[PDB]
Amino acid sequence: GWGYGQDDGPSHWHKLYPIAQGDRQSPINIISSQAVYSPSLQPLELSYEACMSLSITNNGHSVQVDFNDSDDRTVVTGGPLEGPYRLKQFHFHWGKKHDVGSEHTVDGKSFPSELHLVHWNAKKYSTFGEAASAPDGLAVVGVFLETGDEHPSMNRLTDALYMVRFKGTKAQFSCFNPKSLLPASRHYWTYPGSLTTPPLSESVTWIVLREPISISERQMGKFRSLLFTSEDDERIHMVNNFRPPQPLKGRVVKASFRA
């Protein structure tokens, strides 16, 4: 009952999920001069193994890579977090055109895409869906994508997109190391927020990396080849699958660095 189209998109989600208008909603516009330098934060560590990936799926809203999360091998820790959070999946949000697509903005600027690495507190909660209910349940690391030079590791991912072009399709996707999609800096902004899709639960500690990664225009194009639609339906391309910035409502954005 929701999507990113004219009639079912983000401005209407509150008709289904009233928490859409809550006090802890994501994404936000990060005003870099208004973030609080927080030197008490621990270093951010993205401790990822190379062969924990399972599959790549077009779920009708994004393309998503799922991981084995049966133990704390592939985790985020430090920064704002109390203890390790296990990687469940990563996915992307992107635009129809090159000047939009990210969920977070920085001083009003959008990027063409944003990667979300979705982690959960498996030490405290039984299931991902239980963690997704709780204020301390999830940690999402956001990485901006800009267009520029070709990204070598991204080729594996963009070559796999053909086989998941239609909604509801999946392919095996082994030995993809998500560390390959990280920038060389671990500087970040962090704030308490929400899932950016229904059910919009206010369960996420956001960690938005300062430094983007680069992919080529050809690579960005392969994302726009994906479809919102199943094999038999009139083709609608998967583009503009982002929620825009939400009201800060007095939350504190912390920064690991001085701007």
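For every residue, the number given is its place in the sequence shown, counted from 1.
Averaged over Cα atoms, the B-factor as recorded in the entry is higher for 161 to 169 than for the other of 117 to 125 and 161 to 169. Between the stretches 63 to 71 and 195 to 203, it is 63 to 71 that shows the larger average CA temperature factor. If you compare the C-alpha temperature factors of 107, 146, 136, 103 in the entry, 107 comes out highest.
Per the PDB entry, 156 shows the highest C-alpha temperature factor of the residues 179, 88, 93, 156. Among the modelled residues of its chain, residue 16 has a C-alpha B-factor that falls in the middle third, as given in the PDB entry. Among the modelled residues of its chain, residue 244 has a C-alpha B-factor that falls in the middle third according to the deposited record. Annotation for residue 112: CA B-factor lies in the middle third of the chain's modelled residues. The entry lists a Cα temperature factor for residue 175 that places it in the middle third of the chain's modelled residues. Ranked within its chain, residue 183 lands in the lowest third, by CA B factor from the PDB record.
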